[PDB]
Each structure stands twice: as C-alpha cells, then as structure tokens.
Amino acid sequence: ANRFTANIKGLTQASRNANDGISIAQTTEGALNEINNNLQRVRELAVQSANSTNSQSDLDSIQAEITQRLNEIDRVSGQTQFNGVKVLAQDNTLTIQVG
Amino acid sequence: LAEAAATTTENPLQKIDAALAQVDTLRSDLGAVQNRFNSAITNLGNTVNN
Amino acid sequence: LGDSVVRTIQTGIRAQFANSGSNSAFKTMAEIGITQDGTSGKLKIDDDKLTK
C-alpha cells in the first residue's frame, strides 16, 4: 500500500508540473505570434521598397518604420519573461518533471 | 519678434514644400508610434491572459 | 474576444493599402480624398475632393 501511495502522490504532483510546462510553452507561443506579425509587416515594407520610381526620400521614410519594427521586436524579446525566466532572451533548455 | 521684411518672399513655393515635408514626416512618425503602441497593448493582453 | 484569428484576418486587410506594385503618382487613398477613422478605422470620403 505504501509503495502505491508513493507513486500516487508523486504522479499527482507531476500533473501540476506538466500543467506548468503547458503554461510556459503557451506564453512563449504568445510572444512568437507577435514577432511573426511584425516580421510579416516588415516583409510588406521590403516589397514596397522595390518599386522602380521610388525616391530616396521614400526610401528613408520606409527605413523609419523598418527601424520601428526591429526596435519593437528587440523590445519584446528582451523584456518578456516568465517566473523570472527571461525565456526569449537566451538559449536554454529545461526539463518538465512529468515522470 | 518677426521682422517686416522689405520685399517679396523669393522662391516661396520651396518654403511651403519644406514645411509640408516636415509636417508629413512628423505624421508618419506618429503613425509608426501608434503601430508600436498597438503591438505593445496586444502583447500585454496576450501575456495577461496567459 | 482576443483571438489571433480575427486579428490576423483584419490586420492583413488593413495593411494592404501600401500596394507594393504601382509607381502611380498616388501612394494611398488620402491623395484621392479617402481618410480613415484613426480612433476606430472606419473610412470616410470627401465628395468634392474625390470629384476633382
């Protein structure tokens, strides 16, 4: 019976660990959605840049929002964090204790 | 205090064009600022939900 | 409420006014008298400016 209880309780806590993993993964995905949207807008800008008769003043104009998009991307990357883990800012690996 | 200049303003259209360029450049900058703010509030909403 | 589906669908529509395929003198619809409600986004028109 005790050998059964040890498992039962451990797996009980492991379910919580798994849910925490779900939470963190969902948060990361949420940030990446925004990154993707901004990148797609950036591609739109680049395509606009290609028109033949554009003037260099227009090029600088486009450069403006280009800079804005990059700044926003970097801001999100740096600032976003979860439980003190600034997850997007580094290369890292973590293990969910499920077993 | 602005002066009472003696003669006609020479090449006035260039002054007007420069002023218009300044104004429109500013407007574009503020539009980009609005874009940044929209992105930020969207991020805040998603992060708050999560 | 807050679904990414609607945001993607609507924003894709909104951004197209760049139209990265034309060298026309016009660049947007403002030159032809079409404005957007920055507060909300619903568009508005000017009859005389559009006419000329």
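Read-outs: derived from the displayed coordinates by stated rules, not from any lab. A quick note on method: Cβ atoms are made from the backbone with ideal geometry, for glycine too, and the neighbour counts reach across all protein chains shown.
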> How far is helix C:4-15 tilted off the main Cα axis of chain C, in degrees rounded to 10, range 0 to 90?
Replying inline: 10 degrees
> On a 0 to 90 degree scale, rounded to 10, what angle separates helix A:56-79 from the longest Cα axis of chain A?
Replying inline: 10 degrees
> Could you work out the helix-only [θ] at 222 nm for chain A, with each DSSP H run of four or more residues adding -39,500 (n - 2.57) and the total divided by the number of residues, to the nearest 500 deg cm²/dmol?
Replying inline: -26500 deg cm²/dmol
> Other chains' Cβ within 10 Å of B:32-38 residues: what's the mean?
Replying inline: 4
> Working from the pairwise distances between different alpha carbons, so that the mean of 1/r is found and then inverted, what is chain B's Kirkwood radius in Å?
Replying inline: 14.6 Å
> So for chain A, what are the equivalent ellipsoid semi-axes in whole Å, largest first, each being the square root of 5 times an eigenvalue of the Cα gyration tensor?
Replying inline: 48, 12, 8
>> Rounding to the nearest 10 and keeping the result within 0 to 90°, find how far the Cα-based axis of helix A:2-49 lies from the longest principal axis of chain A.
In response: 0 degrees
>> Using the Cα centre of chain C as the reference point, and only Cβ charges (+1 on K/R, -1 on D/E), how large is the resulting charge dipole? Debye, rounded to the nearest 20.
In response: 100 debye
>> Could you tell me what a quarter of the Cα convex hull surface of the protein assembly as shown works out to, in nm² with one decimal place?
In response: 19.9 nm²
> In whole Å, what are the Cα extents of chain C along the three principal axes, biggest one first?
Replying inline: 42, 26, 12
